[PDB]
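Trainee: According to this note's numbering, the residues represented by the sequence shown are -9 to 123, in order. The beta-carbon is built from N, C-alpha and C at its ideal position, and this holds for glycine as well. Sharing a structure below in structure tokens format, with a few things to ask.
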Amino acid sequence: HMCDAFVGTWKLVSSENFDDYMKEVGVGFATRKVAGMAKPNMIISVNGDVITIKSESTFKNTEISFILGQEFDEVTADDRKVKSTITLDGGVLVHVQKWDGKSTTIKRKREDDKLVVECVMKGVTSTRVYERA
Ligand SMILES: Cc1nnc(-c2ccccc2)nc1O
């Protein structure tokens, strides 16, 4: 029942500061513009110890599967090759991506009927709110 309240299909309903987050990460202009337009669905499922998170959008369809605490290699939607570790901290899924001596953290939390995503790169935070599809 690890992650039960995250499981399901979620749709993006608001975003704040995502262009600035992507700038801080190093995403180039054209990718920022097209990716910033995307309205992804986030599909989260669990099978035993394996969690799968799919993001489907007009921009890209991606999928990661992982075990909490166990590092994996990830190719991000903007084509970074990162080393990722996802843990559960006090009911929050915390996803750290490391590449080129840089690091960013993506937190996913349940708040009321929403799934709130906070993306942080240095001093820049973007907040993305998802609702059940
Ligand atoms: C957590 C999360 N991960 N990926 C995206 C995404 C995917 C494709 C294009 C733009 C953004 N948005 C998020 O909110």
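CA-CA distance, residue 124 and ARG98?
Mentor: Any answer about residue 124 is impossible in this case: the structure gives the chain only from -9 up to 123.
Trainee: Would the beta-carbon of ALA20 be found less than 6 Å away from any heavy atom of ligand 1?
Mentor: By one-based count along the sequence shown, residue 20 stands at place 30. Checking the Cβ of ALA20 against ligand 1 gives no.
Trainee: Report whether the distance from the Cβ of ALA123 to the nearest heavy atom of ligand 1 is below 6 Å.
Mentor: Counted from its first residue, the sequence shown places residue 123 at position 133. Incorrect: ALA123 has no Cβ contact closer than 6 Å to ligand 1.
Trainee: Mind checking which residues open and close the beta strand (DSSP E) that includes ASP79?
Mentor: For the purposes of this step, residue 79 is identified with residue 89 of the sequence shown, where counting begins at 1. Taken as a continuous stretch (DSSP letters only), the beta strand (DSSP E) holding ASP79 covers 71 to 79.
Trainee: Are any of the Cβ atoms in chain D nearer than 7 Å to that of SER116?
Mentor: The chain labelled as chain D is not found in the depicted structure, where only one protein chain is given.
Trainee: Comparing C-alpha positions only, which one of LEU58, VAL72, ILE57 sits nearest to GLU64?
Mentor: Indexing the sequence shown from 1 puts residue 64 at position 74. Minimum Cα distance to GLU64 is reached at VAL72.
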